[PDB]
Amino acid sequence: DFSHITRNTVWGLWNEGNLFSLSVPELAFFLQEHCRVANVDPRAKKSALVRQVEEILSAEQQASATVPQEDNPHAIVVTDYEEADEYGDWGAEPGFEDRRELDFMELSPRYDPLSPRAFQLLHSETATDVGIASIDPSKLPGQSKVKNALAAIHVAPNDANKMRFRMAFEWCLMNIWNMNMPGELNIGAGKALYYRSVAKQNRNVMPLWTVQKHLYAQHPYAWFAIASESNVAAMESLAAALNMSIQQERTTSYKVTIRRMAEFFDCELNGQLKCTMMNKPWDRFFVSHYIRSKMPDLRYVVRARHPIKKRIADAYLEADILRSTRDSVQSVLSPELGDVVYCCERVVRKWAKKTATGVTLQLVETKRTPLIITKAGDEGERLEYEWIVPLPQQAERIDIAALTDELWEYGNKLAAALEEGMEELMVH
Amino acid sequence: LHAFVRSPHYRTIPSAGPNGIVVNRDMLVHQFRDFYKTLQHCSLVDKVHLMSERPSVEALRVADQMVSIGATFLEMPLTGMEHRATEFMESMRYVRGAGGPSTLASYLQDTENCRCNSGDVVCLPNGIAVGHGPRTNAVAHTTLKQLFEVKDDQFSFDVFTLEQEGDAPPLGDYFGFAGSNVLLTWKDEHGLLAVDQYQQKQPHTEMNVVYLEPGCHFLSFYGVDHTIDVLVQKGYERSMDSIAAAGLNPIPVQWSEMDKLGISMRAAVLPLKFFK
Amino acid sequence: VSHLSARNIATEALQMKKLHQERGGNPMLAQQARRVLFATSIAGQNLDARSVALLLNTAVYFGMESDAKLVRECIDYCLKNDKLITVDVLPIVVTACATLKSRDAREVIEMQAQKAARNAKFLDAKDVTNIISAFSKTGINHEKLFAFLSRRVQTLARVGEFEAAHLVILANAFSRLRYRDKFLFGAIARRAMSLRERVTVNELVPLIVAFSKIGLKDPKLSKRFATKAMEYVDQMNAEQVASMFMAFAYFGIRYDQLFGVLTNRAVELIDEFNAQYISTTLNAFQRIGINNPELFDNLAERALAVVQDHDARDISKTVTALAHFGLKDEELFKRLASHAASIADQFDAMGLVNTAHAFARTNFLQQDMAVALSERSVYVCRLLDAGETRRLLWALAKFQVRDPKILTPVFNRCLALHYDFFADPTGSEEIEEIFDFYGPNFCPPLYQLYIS
Amino acid sequence: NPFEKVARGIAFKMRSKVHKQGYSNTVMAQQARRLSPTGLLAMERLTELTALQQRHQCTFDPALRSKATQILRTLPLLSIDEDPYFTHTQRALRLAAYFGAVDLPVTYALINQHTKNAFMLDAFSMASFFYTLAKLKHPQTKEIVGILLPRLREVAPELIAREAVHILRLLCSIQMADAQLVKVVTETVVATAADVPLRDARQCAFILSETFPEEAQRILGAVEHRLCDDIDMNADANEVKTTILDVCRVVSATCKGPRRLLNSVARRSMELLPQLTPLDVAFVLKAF
Amino acid sequence: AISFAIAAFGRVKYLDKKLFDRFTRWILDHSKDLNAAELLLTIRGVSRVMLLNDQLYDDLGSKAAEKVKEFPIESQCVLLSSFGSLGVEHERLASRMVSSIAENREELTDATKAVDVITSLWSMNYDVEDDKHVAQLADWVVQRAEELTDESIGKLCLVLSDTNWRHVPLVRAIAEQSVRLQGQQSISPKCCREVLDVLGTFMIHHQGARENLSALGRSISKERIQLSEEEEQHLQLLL
Amino acid sequence: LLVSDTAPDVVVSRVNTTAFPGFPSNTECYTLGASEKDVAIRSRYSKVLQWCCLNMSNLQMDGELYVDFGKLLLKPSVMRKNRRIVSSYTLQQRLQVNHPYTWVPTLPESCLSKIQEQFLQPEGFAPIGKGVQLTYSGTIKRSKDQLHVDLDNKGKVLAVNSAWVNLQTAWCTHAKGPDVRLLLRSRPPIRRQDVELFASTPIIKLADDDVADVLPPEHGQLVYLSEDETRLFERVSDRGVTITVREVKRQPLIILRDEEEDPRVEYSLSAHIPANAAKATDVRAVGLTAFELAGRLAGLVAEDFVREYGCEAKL
């Protein structure tokens, strides 16, 4: 017959089981051109032609459509020894947007140390976020009755980073208020050096989403805190720039990790060598890495401490001997209260002030000399700088957005203060 | 047809149990796996499930919680067992894992005052036997009279309250029962008294009796199925011949060290019936 | 106004799947099942847990995704009714909602993981292996669940409770899941060892493959597996031959007697070689270093017979392996070059540069593939790493390519990555070659960066 | 070669992923289902008009038409391709027909919509439209029929006979009927003569007897045997009298008649002698 | 041509959706004037294509219940099985329709049809402990409990186990017939498992049935681990 | 959905950290770095184009590439809860449910002096054929589908084709200047009985000044008809590819919807890819060339697009 009958049309008709809704000349043409049959008697009725077409179509169909939804041994495969859909371009994912607003963070469904409950990788040069803005399309030929029309515009990375930071911060504030644990906030300066095994598929260029999931799942990363002495006087100028006030001079403290067979604990032996605090290790509730182009990077941490009955703490108190004089740990512990794992000398120098929002802001410079340590071979002198800010209470009615913005800008100011302070080595 | 056992704890297993004789910690673990293999081959139980590990060695007694008389179950009363009630919770899980909750013995657990122990109640063809002694009250016998009793030409079911002395062990320990009208009994005072008490009840039973030397632990179950086999400790040899002369195939198993621990065949496994 | 009884529909779908799977699978049954299932719709009826899992399983089996109405209606009643799912019907649902790309098809799995994490202790052997097999294919990496299930497997394997059919499933699932533990694999090996003479070759080779896929192990384990492989060589075909040969190569232990007997027995079934897995058995030699030439010539003789089957990866790996022990036989090489030129449309960056490097190594340059590969290089030069970029640039240098559109992007990339480009000592000679072939005119920045 | 097989499988799987049950296609379909802002008030107006039809049909009370003609005077119900079945348009047309609304601009606008959207009308909707517009003797029926006639020849072979009767009545009462759809209706009737009410066949044979005699002759010959059996085995005098009178009129008008039917009519007219009115006898004798 | 067409379509399972919708609407419009031997020809046809309609089935059930004497015995059995297959329930139809099958009990070919009727009545969510007509059917099965086979015994055991029916003489007859069937090696292990299960649930000893059926019944329920010869010889050393 | 000045990727790098006490080995050192802007966009576009063209050639169909200049406008539906920073994936997924985009093709006419000064002749673009051709373009809404008709200046129908279907859609936005919306198209088949039928029945009648529609109601309905002044330029870049530039200064005459009542002059670039590029022709090269040479014309007319006609306040 004519050209309107094609392979797609006949395939669709065959799959819907309606091949008989066609005329004899159409089937004859299809057999004589598509199936490439020798010759057809121009007398056969509908049934013979339909059966011939059907058999030819089924015989030449060899692309299996079924996927085996079962387990089966004896099958040998050598393959190991979404990416196209990662950008979301080949269709409309059904049942989207009907989920809790957790796009900016990775949340997976109790106390556990070294277990980030919410990871959020960030960057300054690269930001995967577009913006929208208003325009006046009245000039355009046809839009002479609409006054506002939105257009997609790119945005500065810093604003998007701040928006994601505050979006996470409000969630963290609400969560910690619901739990009502003692809230602490830390902003540390240092390098977040990662491990080589992070790069899946052994590739280099990858979108932020995949690396975020990989970091949140495998955790092939380690945080390192380090500063320089040459910037000390320099940041003292920052003190004069920010009217810092000394609340504590250089103090020598013996940090110890009083571990045990059931739980872990920590203590801070004083110069007189007694135990004055008893507490659990910190609970990592939220971690954010702000990576800059150059050496100085920032780590934002929200952590809380679980409560403990004071009866057992009083039972511990100073009953556990922890003397570590003469550079030797002569801690004469009871046979089964616990054990000492790590010990480091901390030289502490801190300032203080009152922020505009109305929360205390402690800047500390800490020099570390790890003396006793078992899990790793840490040694040498290291200098670290960090901000401690306790989160406001739920009943304090303190506004949230301005506080987060002020903290972000103060972290940026501290970064700029030591931005040239870490110029010693050729980091990049 | 469902049997539950619990593996021992190697770290907290105590030597020199409450009889003045030391025990070998490794030998218990060595013998337990062979016991498992014998139990899963001996064709007396349909399935065996391996319970998880727990610290207390007194938790090795899988039984003494819940008794199966028919399609329904009966939990044991909480009287002096509170100190381990927690682990009892775990056990039920495994049961419910492959079985229903049945009646939950609401009628038995909540029967005002209750004193019951798994082993005082032993099933029998168209019969139940309750060992009234220092462990079971008459209130339990009355409750079973109310529940598991039917009387007719074909709805024939009976309950026997057997008297025993204060120093006697639980009923299911010494005098047991095996299919095809064979009745196993210790040749001691307790066994003779139990046999006489049973004989005075229902003379028409026509139950053959085979005697075993005292101090022998054996496991035998009626079951919906009929089988000719018994589990006997690999100690006293004469009992094996005595029971084999009657046409019953015996199967030996080693329980020397666990006997010194004080653990019997009845409490080593937990029989259950699961239906649809 | 009129619906279809979903329970009887599920029963008929089960029968249809059983008939389709066990007979050969003419597309008539698939179209019949799709036509019947498209009109089916779960509704104000009261289907229980089984009658929903069965329908979901059959629908996904017969080639359906979240586009269909039934799949969308069946992925619900699992978002909201979670307690109904039991261990008997957990693997069916979990492995049914695996290849689905919907977001709601990835939340369900999460919930299931939780409901398995606290229940990995109260399971038998069959339930444990079914759940592990179901969760292997999805891709989740919940660590607590895997630790609990590993413990339970170790506890169950202490006293023999695994038939010689679930060890393969467990080992394959753990190996594909990319989770390593010495104790679990040791226990599985010991249990497989206890069941002597029960495991056939058809049930032995997959265990070896799974263990080798996690080859970061210690000796004395493959040592014993070498002993068992001695008596299972007779009644096995070329597929397991090549697979276990690659596995033993990846183990990294020289088994002179095992390799010798494998070579001796492999020549009889040279006819069965379909030329698709010849690449693996050729590349494994390069992996270990054994240079037996007899079977190499035997393999090379069975090449022209089957080349159409050869794919891009197959050709690339074969030429890379043949680079070592260079026969340079032009008769095969011309046909292979032409065939790869036809296939050259679909390829891979890293594979692209190995193919170019091997062609430059063999010193057989013809215009067609040369120009084709030079054309296709530009699309992949963006993501190559330092040494790979150097190798591709030298491949173009050997190709005598002067087109500015080709050399400009690679020169830009190497300029942007000069530090790593100039820091490779082993490749140093290579960089030498390139400049003294081309000259100083092209990239003056590269000039004074080298001269430094 | 394996890559080509994989590509074929992937391409055909992705092709089969697209059908009429897709999420996006359903979303667009429901978007098209959304009514216009004036559509809601148009349905309310239709409901208000419907609420009075039964009261006017039962009570016959006056002044009910007042405030009921005015409420339909300004009816913005247009619904261009919002209901591609015209069922609401047909309902409004019938409601205007019962109220005497003939010369109002709303009716003319509805007819203009009918004549401007005359390429998606099926057999049933057009048969219903031609059932009305005859009860409403519009002054301009000729032009409407002339415009709609070329569509008649397209949807002709899907009409029940009971509506083809009224179609032919309307087409022959204005001399506009052409000999192109008449043959189609005659072919349908002669094809389905096995099971078709005899009243309809008699009406169809009589109606076009004046202009086209051969088609009426063929229609009569299609059901001659059934008509003879009916006129023989029946018992009620009224129906047999009407049947013989009508068949005699058809035979006289066509100037030809089958033999067996005439014989049966003869004997029946003999048996029915008492109820024969003088005009009945006159027509019976005239038929011969 | 509607009942004939519906029966011809439902005898081969080629349901056509819109055509069947129009058929159902037509037979709903004119329903009060359907002669007997046509409800039977349409209920089976519309139930073999798995159509779950409430109003249509309600109307057809009411019409069939109104006219009961016209339907013969086999028609009664088929009309009960047609409703029973899908799972729809109708109290009036079953109550009015089991009376005729109880009164004309003696014309049944054997007891297999009786147990089939009882099973189909169970599937329709009708109480089986109801008035003495089911009791008459059960007693007739008991009296002639020699023509039963494996399938009938299995279905009856399933019905008793699910319904919790204490009536023992039929259980005794089932046990005796199972023994006799095993006597000529014409029984299946699943039937033995089912009869042992119901016996255990209902607490009847019947030692004769327990003895000879044990080996057949235990072979399906007992899960056996396949062991190698070395472990077999280790076990032989152990016991 | 692509926005310029983007970089949704991260680059692997490593550095030598020999001044850190504790784990000073550089093997376990990993660092992140930025990337360039255009490379990611071009790579993604080329990959998607290659996949779409491979699929189209696998389905035995023909299609053509299209490049058009204009502007993009979005309904307030996409914006929600007064948010101004949205993920690109979220926006792309949100613009796929109701199609709230309102693209209107346009370009200011006061640039033709410098349009010819865009290296037209150096690239190969030359003026061929006859310019300022007068024609009409109309569309018909049938019972099931839509048809497109090209009418001559006299009134005779020139071609009767089917409605266009877009396979690959690309909406690469831009700066204050115009943005480009690269597309891939295919033409569905049509019964030649309908082709012949819409040649005898008159569609339009052309009076001295006014034009009227005469299409019989049974055949369909006239829903959009406009007058076109066309001229053409052609280039072949020694590869068999025919890059064609067309001019349309259309003035709509018969309209149905409301947002088309204004004179509109717009540009268009096109190529031709028959059903054989799956084996011989390099498809991605044509797309890369078209994207490269569209940016030039976007940059040149960027000034006057916002200077005297138009206002693009992107802030």
# chains A, B, ... in the order shown; residues from 1 in each chain; ligands from 1
>>> residues_around(residues="segment 253-261 of chain D", least_positions_apart="4", cutoff="9 Å", atoms="only C-alpha atoms", output="CSV table (one decimal) with N, CA, C and O atoms, in the first residue's frame")
chain,number,residue,atom,x,y,z
D,206,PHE,N,-42.3,3.0,3.2
D,206,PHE,CA,-43.3,4.0,2.9
D,206,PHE,C,-42.7,5.4,2.6
D,206,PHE,O,-43.1,6.1,1.7
D,209,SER,N,-41.1,6.1,-0.7
D,209,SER,CA,-41.7,5.5,-1.8
D,209,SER,C,-42.1,6.5,-2.9
D,209,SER,O,-42.1,6.2,-4.1
D,210,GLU,N,-42.4,7.8,-2.5
D,210,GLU,CA,-42.8,8.8,-3.5
D,210,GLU,C,-41.6,9.1,-4.4
D,210,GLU,O,-41.9,9.3,-5.7
D,212,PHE,N,-38.0,7.7,-4.5
D,212,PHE,CA,-37.2,6.6,-5.0
D,212,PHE,C,-38.0,5.3,-4.8
D,212,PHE,O,-38.0,4.7,-3.7
D,213,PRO,N,-38.6,4.7,-5.9
D,213,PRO,CA,-39.4,3.5,-5.7
D,213,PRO,C,-38.6,2.2,-5.6
D,213,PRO,O,-39.0,1.3,-4.8
D,214,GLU,N,-37.5,2.1,-6.3
D,214,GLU,CA,-36.7,0.9,-6.3
D,214,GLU,C,-36.2,0.5,-4.9
D,214,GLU,O,-36.2,-0.7,-4.5
D,216,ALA,N,-37.5,1.4,-2.0
D,216,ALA,CA,-38.6,0.9,-1.2
D,216,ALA,C,-39.0,-0.5,-1.6
D,216,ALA,O,-39.3,-1.4,-0.8
D,217,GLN,N,-38.9,-0.8,-2.9
D,217,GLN,CA,-39.2,-2.2,-3.4
D,217,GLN,C,-38.2,-3.2,-2.8
D,217,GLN,O,-38.6,-4.3,-2.3
D,220,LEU,N,-39.0,-3.7,0.9
D,220,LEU,CA,-40.2,-4.6,1.1
D,220,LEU,C,-39.8,-6.0,0.8
D,220,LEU,O,-40.3,-6.9,1.5
D,221,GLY,N,-39.1,-6.3,-0.2
D,221,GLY,CA,-38.7,-7.6,-0.6
D,221,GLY,C,-37.8,-8.3,0.4
D,221,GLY,O,-37.7,-9.5,0.5
D,224,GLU,N,-40.5,-9.3,3.2
D,224,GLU,CA,-41.8,-9.8,2.7
D,224,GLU,C,-42.2,-11.1,3.5
D,224,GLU,O,-43.4,-11.2,3.9
D,225,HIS,N,-41.3,-12.1,3.6
D,225,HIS,CA,-41.7,-13.3,4.2
D,225,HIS,C,-42.1,-13.1,5.7
D,225,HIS,O,-43.1,-13.7,6.2
D,227,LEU,N,-43.1,-10.4,7.1
D,227,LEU,CA,-44.4,-9.6,7.1
D,227,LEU,C,-45.6,-10.5,6.9
D,227,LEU,O,-46.6,-10.3,7.5
D,228,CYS,N,-45.5,-11.4,5.9
D,228,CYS,CA,-46.5,-12.3,5.7
D,228,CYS,C,-46.8,-13.2,6.9
D,228,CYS,O,-48.0,-13.4,7.2
D,247,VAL,N,-49.2,-1.6,4.1
D,247,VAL,CA,-48.6,-2.3,3.0
D,247,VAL,C,-49.4,-2.1,1.7
D,247,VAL,O,-48.8,-2.0,0.6
D,248,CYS,N,-50.7,-2.0,1.8
D,248,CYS,CA,-51.5,-1.7,0.6
D,248,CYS,C,-51.1,-0.3,0.0
D,248,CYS,O,-51.0,-0.2,-1.2
D,249,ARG,N,-51.0,0.6,0.9
D,249,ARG,CA,-50.6,2.0,0.5
D,249,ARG,C,-49.2,2.0,-0.2
D,249,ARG,O,-49.0,2.6,-1.2
D,265,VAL,N,-52.3,-10.8,2.2
D,265,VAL,CA,-53.1,-9.6,2.5
D,265,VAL,C,-54.5,-9.8,2.1
D,265,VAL,O,-55.5,-9.4,2.8
D,266,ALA,N,-54.7,-10.5,1.0
D,266,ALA,CA,-56.1,-10.8,0.5
D,266,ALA,C,-56.8,-11.7,1.5
D,266,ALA,O,-58.0,-11.3,1.9
D,287,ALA,N,-55.2,-1.2,-3.9
D,287,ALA,CA,-53.9,-1.8,-3.9
D,287,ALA,C,-53.8,-2.8,-5.0
D,287,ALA,O,-52.8,-2.9,-5.7
D,288,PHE,N,-54.9,-3.6,-5.2
D,288,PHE,CA,-54.9,-4.6,-6.3
D,288,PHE,C,-54.9,-3.9,-7.6
D,288,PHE,O,-54.5,-4.5,-8.7
>>> closest_atom_pairs(of="chain F", to="chain C", cutoff="10 Å", atoms="only C-alpha atoms", output="JSON lines")
{"residue": "F:11", "atom": "CA", "partner": "C:383", "partner_atom": "CA", "distance": 9.8}
{"residue": "F:12", "atom": "CA", "partner": "C:385", "partner_atom": "CA", "distance": 10.0}
{"residue": "F:13", "atom": "CA", "partner": "C:420", "partner_atom": "CA", "distance": 9.8}
{"residue": "F:14", "atom": "CA", "partner": "C:420", "partner_atom": "CA", "distance": 9.5}
{"residue": "F:39", "atom": "CA", "partner": "C:382", "partner_atom": "CA", "distance": 8.3}
{"residue": "F:40", "atom": "CA", "partner": "C:382", "partner_atom": "CA", "distance": 9.7}
{"residue": "F:43", "atom": "CA", "partner": "C:379", "partner_atom": "CA", "distance": 7.9}
{"residue": "F:46", "atom": "CA", "partner": "C:379", "partner_atom": "CA", "distance": 9.0}
{"residue": "F:47", "atom": "CA", "partner": "C:379", "partner_atom": "CA", "distance": 9.5}
{"residue": "F:278", "atom": "CA", "partner": "C:345", "partner_atom": "CA", "distance": 8.7}
{"residue": "F:279", "atom": "CA", "partner": "C:345", "partner_atom": "CA", "distance": 7.8}
{"residue": "F:280", "atom": "CA", "partner": "C:345", "partner_atom": "CA", "distance": 9.0}
{"residue": "F:282", "atom": "CA", "partner": "C:345", "partner_atom": "CA", "distance": 8.8}
{"residue": "F:284", "atom": "CA", "partner": "C:379", "partner_atom": "CA", "distance": 9.1}
{"residue": "F:285", "atom": "CA", "partner": "C:379", "partner_atom": "CA", "distance": 9.7}
>>> write_last_selection(atoms="C-alpha atoms", output="PDB file, in the first residue's frame")
ATOM      1  CA  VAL F  11      38.288  17.764  40.512  1.00  0.00           C
ATOM      2  CA  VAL F  12      40.551  15.239  42.233  1.00  0.00           C
ATOM      3  CA  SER F  13      44.037  16.442  43.147  1.00  0.00           C
ATOM      4  CA  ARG F  14      46.881  15.536  45.486  1.00  0.00           C
ATOM      5  CA  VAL F  39      33.464  21.888  29.508  1.00  0.00           C
ATOM      6  CA  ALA F  40      30.911  20.194  31.772  1.00  0.00           C
ATOM      7  CA  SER F  43      30.185  17.235  27.606  1.00  0.00           C
ATOM      8  CA  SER F  46      27.113  16.032  23.627  1.00  0.00           C
ATOM      9  CA  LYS F  47      26.542  12.801  25.565  1.00  0.00           C
ATOM     10  CA  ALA F 278      24.734   5.646  13.493  1.00  0.00           C
ATOM     11  CA  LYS F 279      27.539   3.988  11.505  1.00  0.00           C
ATOM     12  CA  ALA F 280      29.516   6.591   9.525  1.00  0.00           C
ATOM     13  CA  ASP F 282      30.092  11.705  13.641  1.00  0.00           C
ATOM     14  CA  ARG F 284      28.453  14.914  18.135  1.00  0.00           C
ATOM     15  CA  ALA F 285      30.689  17.046  15.901  1.00  0.00           C
TER      16      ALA F 285
END
>>> interface_residues(of="chain C", to="chain A", cutoff="6 Å", atoms="only C-alpha atoms", output="list in words")
residues 61, 62, 63, 102 and 202 of chain C
>>> write_last_selection(atoms="N, CA, C and O atoms", output="PDB file, in the first residue's frame")
ATOM      1  N   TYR C  61       8.949  -9.039  37.064  1.00  0.00           N
ATOM      2  CA  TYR C  61       9.549 -10.081  36.238  1.00  0.00           C
ATOM      3  C   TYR C  61       9.194  -9.897  34.769  1.00  0.00           C
ATOM      4  O   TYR C  61      10.052 -10.048  33.891  1.00  0.00           O
ATOM      5  N   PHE C  62       7.938  -9.565  34.480  1.00  0.00           N
ATOM      6  CA  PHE C  62       7.472  -9.477  33.102  1.00  0.00           C
ATOM      7  C   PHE C  62       7.805  -8.146  32.434  1.00  0.00           C
ATOM      8  O   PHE C  62       7.198  -7.819  31.409  1.00  0.00           O
ATOM      9  N   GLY C  63       8.742  -7.374  32.980  1.00  0.00           N
ATOM     10  CA  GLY C  63       9.199  -6.171  32.315  1.00  0.00           C
ATOM     11  C   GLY C  63       8.328  -4.954  32.545  1.00  0.00           C
ATOM     12  O   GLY C  63       7.825  -4.358  31.589  1.00  0.00           O
ATOM     13  N   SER C 102      12.535   4.666  40.920  1.00  0.00           N
ATOM     14  CA  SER C 102      11.740   5.667  41.615  1.00  0.00           C
ATOM     15  C   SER C 102      12.336   5.987  42.981  1.00  0.00           C
ATOM     16  O   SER C 102      12.997   5.155  43.608  1.00  0.00           O
ATOM     17  N   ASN C 202      30.331 -27.803  39.359  1.00  0.00           N
ATOM     18  CA  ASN C 202      29.344 -26.773  39.063  1.00  0.00           C
ATOM     19  C   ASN C 202      28.979 -25.956  40.292  1.00  0.00           C
ATOM     20  O   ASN C 202      28.502 -24.825  40.153  1.00  0.00           O
TER      21      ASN C 202
END
>>> select_by_dssp(residues="segment 91-157 of chain B", states="helix (DSSP H, G or I)", output="mmCIF file with N, CA and C atoms, in the first residue's frame")
data_model
loop_
_atom_site.group_PDB
_atom_site.id
_atom_site.type_symbol
_atom_site.label_atom_id
_atom_site.label_comp_id
_atom_site.auth_asym_id
_atom_site.auth_seq_id
_atom_site.Cartn_x
_atom_site.Cartn_y
_atom_site.Cartn_z
ATOM 1 N N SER B 91 13.353 -15.880 74.450
ATOM 2 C CA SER B 91 12.966 -17.213 74.008
ATOM 3 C C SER B 91 11.700 -17.159 73.176
ATOM 4 N N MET B 92 10.675 -16.492 73.689
ATOM 5 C CA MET B 92 9.400 -16.440 72.990
ATOM 6 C C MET B 92 9.586 -15.988 71.556
ATOM 7 N N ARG B 93 10.528 -15.094 71.327
ATOM 8 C CA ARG B 93 10.704 -14.598 69.989
ATOM 9 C C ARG B 93 10.933 -15.773 69.086
ATOM 10 N N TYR B 94 11.911 -16.604 69.411
ATOM 11 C CA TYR B 94 12.255 -17.720 68.536
ATOM 12 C C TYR B 94 11.035 -18.603 68.288
ATOM 13 N N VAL B 95 10.218 -18.800 69.318
ATOM 14 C CA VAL B 95 9.004 -19.584 69.158
ATOM 15 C C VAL B 95 8.100 -18.907 68.154
ATOM 16 N N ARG B 96 7.821 -17.630 68.382
ATOM 17 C CA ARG B 96 6.938 -16.892 67.489
ATOM 18 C C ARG B 96 7.555 -16.720 66.115
ATOM 19 N N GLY B 97 8.866 -16.903 66.023
ATOM 20 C CA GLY B 97 9.538 -16.769 64.747
ATOM 21 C C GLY B 97 8.960 -17.725 63.728
ATOM 22 N N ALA B 98 8.655 -18.945 64.155
ATOM 23 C CA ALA B 98 8.104 -19.942 63.243
ATOM 24 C C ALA B 98 6.794 -20.528 63.752
ATOM 25 N N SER B 106 -3.308 -17.610 79.057
ATOM 26 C CA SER B 106 -3.952 -16.581 79.852
ATOM 27 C C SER B 106 -4.710 -17.258 80.976
ATOM 28 N N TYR B 107 -5.397 -18.349 80.653
ATOM 29 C CA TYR B 107 -6.154 -19.076 81.660
ATOM 30 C C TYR B 107 -5.270 -19.691 82.739
ATOM 31 N N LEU B 108 -4.025 -20.044 82.417
ATOM 32 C CA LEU B 108 -3.136 -20.703 83.369
ATOM 33 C C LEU B 108 -2.261 -19.722 84.140
ATOM 34 N N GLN B 109 -1.632 -18.773 83.444
ATOM 35 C CA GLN B 109 -0.754 -17.821 84.114
ATOM 36 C C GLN B 109 -1.528 -16.955 85.102
ATOM 37 N N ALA B 138 -3.104 -28.362 93.785
ATOM 38 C CA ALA B 138 -4.351 -28.941 93.305
ATOM 39 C C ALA B 138 -5.152 -27.965 92.457
ATOM 40 N N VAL B 139 -4.897 -26.662 92.598
ATOM 41 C CA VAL B 139 -5.589 -25.668 91.780
ATOM 42 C C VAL B 139 -5.236 -25.854 90.311
ATOM 43 N N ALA B 140 -3.973 -26.182 90.025
ATOM 44 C CA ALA B 140 -3.577 -26.466 88.649
ATOM 45 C C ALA B 140 -4.309 -27.688 88.108
ATOM 46 N N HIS B 141 -4.460 -28.725 88.936
ATOM 47 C CA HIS B 141 -5.199 -29.906 88.504
ATOM 48 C C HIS B 141 -6.656 -29.569 88.225
ATOM 49 N N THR B 142 -7.267 -28.729 89.065
ATOM 50 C CA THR B 142 -8.643 -28.307 88.813
ATOM 51 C C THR B 142 -8.749 -27.497 87.525
ATOM 52 N N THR B 143 -7.776 -26.622 87.266
ATOM 53 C CA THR B 143 -7.800 -25.837 86.036
ATOM 54 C C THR B 143 -7.672 -26.731 84.807
ATOM 55 N N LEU B 144 -6.801 -27.741 84.872
ATOM 56 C CA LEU B 144 -6.686 -28.681 83.760
ATOM 57 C C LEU B 144 -7.946 -29.529 83.612
ATOM 58 N N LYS B 145 -8.568 -29.905 84.733
ATOM 59 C CA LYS B 145 -9.883 -30.541 84.714
ATOM 60 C C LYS B 145 -10.902 -29.676 83.985
ATOM 61 N N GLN B 146 -10.836 -28.363 84.192
ATOM 62 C CA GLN B 146 -11.758 -27.463 83.508
ATOM 63 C C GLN B 146 -11.439 -27.361 82.021
ATOM 64 N N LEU B 147 -10.154 -27.321 81.667
ATOM 65 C CA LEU B 147 -9.763 -26.980 80.302
ATOM 66 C C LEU B 147 -9.680 -28.199 79.384
#
>>> closest_atom_pairs(of="chain D", to="chain A", cutoff="7 Å", atoms="only C-alpha atoms", output="tab-separated table")
residue	atom	partner	partner_atom	distance
D:5	CA	A:63	CA	6.8
D:8	CA	A:63	CA	6.8
D:9	CA	A:63	CA	5.0
D:13	CA	A:65	CA	7.0
D:23	CA	A:94	CA	6.6
